[PDB]
């Protein structure tokens, strides 16, 4: 029920503003001073300008390094988030990965949905759930997900915890 730092960086629904206090709402108390995510009155910084930082809430990072939506952000120059240009990846783009866990399709484009995540998906949130590590010949994971104890890719206590075969383990 908490958002931002107080709620493990959780984001509010429907672009509600996460106040300084870790509560979702709308109006000055939430979006004004200290707003952590959502439609903050002051746009958070991103992309080169903030040295590669992502925008919260799938916002577009403009050519000037500001977070938002609309042509100004998502259009010409967009540096991240759901940009209007088609985003290339995988084998077709020198092995690049999609930002924010997007699935790299069999064709080499970044998205979400079964066309991207389904059979052939190369990296990110694939729905294919292909085995990793030991019982699958030292096969890591894309994105540095953790290869559980079952040679299963993911993130969370169960993949990064104890028995963690590869990637981003918890120690």
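Numbering follows the first chain given and starts at 1.
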*Quick one: say whether 69-77 or 93-101 has the higher mean Cα B-factor in the deposited entry.*
93-101
_Which is higher on mean Cα B factor in this entry, 14-22 or 147-155?_
147-155
*Whose CA atom has the top B-factor in the entry, of 27, 108, 138, 111?*
138
*Would you please rank residue 38 by its C-alpha temperature factor against the other modelled residues of its chain and give the third it falls in: lowest, middle or highest?*
lowest
*asked:* How does the C-alpha B factor of residue 128 compare with the rest of the chain: lowest, middle or highest third?
replied: highest
*Taking the chain's C-alpha temperature factors as the reference, tell me which third residue 48 falls into: lowest, middle or highest.*
highest
